[PDB]
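Asker: In the working numbering, the protein residues as written are 386 to 599.
Here a beta-carbon is modelled for each residue, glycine too, at the ideal position from N, C-alpha and C.
After the structure tokens below, expect a handful of questions from me.
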């Protein structure tokens, strides 16, 4: 397989949230068959960001998912050609985000071209006031529809003070070639910011993800 036990990552994200433009670049490494990865992210334009970094972290690759032998792996099968994804995120206070990523590989490295746009966040809400603590561990429901793989998530960000800030995630994953399509399944996610500098101009980000049946 072209997916090696250790794969590097390079990415660039361009976008805008509530009128604030930005660019973030990233480099990292992970273990695709263990579903783990670490990214070092740097804000290259638009620093310091005025909004919660936690709305970005799922946008920074399901190739880094531990897939059981008996569930076809849509993402690893898609390489070396790769795949893209398109995602809508509707937050409970009517902030909404759209993100896309085009994922390719060369040698032992994945490359992501990411677009991220968000709007209509209340200026005094938790996103624009940076009152989120983390992404709560979440389960993504995967299922095939229209010949591609979809993932639906009812997820939540933890807020300072203990409240939950809910978001309906909907992703469409599009392999660039035909692959063996899986039956419906689930992917458990854990996302963690391991470290960051004062304004989050520099962030170290970790994900652990594993596929299973309900």
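Please state whether DSSP places residue 554 in a helix, a strand or coil.
Answerer: Within the chain shown, numbered from 1, the residue matching residue 554 stands at position 169. The answer is strand: DSSP assigns residue 554 an E or B state.
Asker: What three-state label does DSSP hand residue 573 in the structure shown?
Answerer: Your numbering for residue 573 matches position 188 in the chain shown. Strand at residue 573.
Asker: Can you tell me whether residue 598 is buried or exposed, with buried defined as 16 or more other CB within 10 angstroms of its CB?
Answerer: Here residue 598 refers to the residue found at position 213 of the chain shown. The residue is exposed, with fewer than 16 neighbouring Cβ atoms inside 10 Å.
Asker: Considering only C-alpha positions, which residue in the set 426, 461, 567 is nearest to residue 386?
Answerer: Along the chain shown, one-based indexing puts residue 386 at 1. Checked all of 426, 461, 567; the closest Cα to residue 386 is 461.
Asker: Look at residue 564 and residue 525 and say whether their C-beta atoms are less than 7 Å apart.
Answerer: To locate residue 564, count along the chain shown from 1; it is residue 179. To locate residue 525, count along the chain shown from 1; it is residue 140. No. Outside cutoff.
Asker: Tell me the DSSP secondary structure of residue 440 in three-state form.
Answerer: Here the question's residue 440 lines up with position 55 in the chain shown. Helix.
Asker: Could you tell me the distance, in whole angstroms, from the CA atom of residue 436 to the CA atom of residue 430?
Answerer: Reading the chain shown from its first residue, position 51 is the one you call residue 436. Reading the chain shown from its first residue, position 45 is the one you call residue 430. Their Cα atoms are separated by approximately 14 Å.
Asker: State yes or no: is the C-beta of residue 490 within less than 7 Å of the C-beta of residue 449?
Answerer: For this step, residue 490 is matched to residue 105 along the chain shown. For this step, residue 449 is matched to residue 64 along the chain shown. Their beta carbons are not under 7 Å apart, which means residue 490 does not touch residue 449 by this criterion.
Asker: Quick check on residue 504: buried or exposed, where buried means 16 or more other Cβ atoms within 10 Å of its Cβ?
Answerer: Within the chain shown, numbered from 1, the residue matching residue 504 stands at position 119. Exposed is the call here.
Asker: Taking 7 Å as the limit between beta carbons, can you name the residues of its chain near residue 528, skipping five residues before and five after?
Answerer: Here residue 528 refers to the residue found at position 143 of the chain shown. Same-chain partners within the cutoff: 535, 569.
Asker: Sort out for me which residues DSSP pairs residue 415 with in a bridge.
Answerer: By one-based count along the chain shown, residue 415 stands at place 30. 392, 422.
Asker: For residue 548, count neighbouring C-beta atoms within 10 Å of its own C-beta (all shown protein chains included) and say buried if the count is 16 or more, exposed if not.
Answerer: Residue 548 sits at position 163 when you count from the first residue of the chain shown. Classification of residue 548: exposed, given that the 10 Å Cβ count is below 16.
Asker: For residue 421, I'd like the list of residues in its chain whose CB is within less than 6 Å of its CB, leaving aside the five on either flank, ordered along the chain.
Answerer: Numbered from 1 along the chain shown, position 36 holds the residue referred to as residue 421. Excluding sequence neighbours, residue 421 sits near 415, 593.
Asker: Less than 8 Å between the CB atoms is what I'm expecting for residue 590 and residue 495, so what's the real figure, rounded?
Answerer: Translated into positions along the chain shown, residue 590 becomes position 205. Translated into positions along the chain shown, residue 495 becomes position 110. With a Cβ gap of about 15 Å, residue 590 and residue 495 do not count as contacting.
Asker: Roughly how many angstroms separate the alpha carbons of residue 410 and residue 484, rounded to a whole number?
Answerer: Counting from 1 along the chain shown, the entry for residue 410 is found at position 25. Counting from 1 along the chain shown, the entry for residue 484 is found at position 99. Residue 410 and residue 484: Cα-Cα distance of roughly 15 Å.
Asker: So the beta strand (DSSP E) residue 460 belongs to, where does it begin and stop?
Answerer: In the chain shown, residue 460 corresponds to position 75, counting from 1. Element bounds for residue 460: not the beta strand (DSSP E) but the alpha helix (DSSP H), 459-462.
Asker: For residue 503, which of helix, strand or coil comes out of DSSP?
Answerer: For this step, residue 503 is matched to residue 118 along the chain shown. The answer is strand: DSSP assigns residue 503 an E or B state.
Asker: Does the distance from the CB of residue 451 to the CB of residue 595 come in under 7 Å?
Answerer: Residue mapping note: residue 451 aligns to position 66 of the chain shown, counting from 1. Residue mapping note: residue 595 aligns to position 210 of the chain shown, counting from 1. For residue 451 and residue 595, yes; Cβs fall inside 7 Å.
Asker: Between which two residues does the beta strand (DSSP E) containing residue 527 stretch?
Answerer: For the purposes of this step, residue 527 is identified with residue 142 of the chain shown, where counting begins at 1. Segment 523-530, the beta strand (DSSP E) holding residue 527.
Asker: Hey, out of 425, 402, 557, whose CA is closest to residue 486's CA?
Answerer: Working through the chain shown from its first residue, we reach residue 486 at position 101. Taking only the C-alpha atoms, the option nearest residue 486 is 557.
Asker: Per DSSP, what are the beta-bridge partners of residue 536 in this structure?
Answerer: The sequence position of residue 536 within the chain shown is 151, counting from 1. Paired residues: 527, 556.
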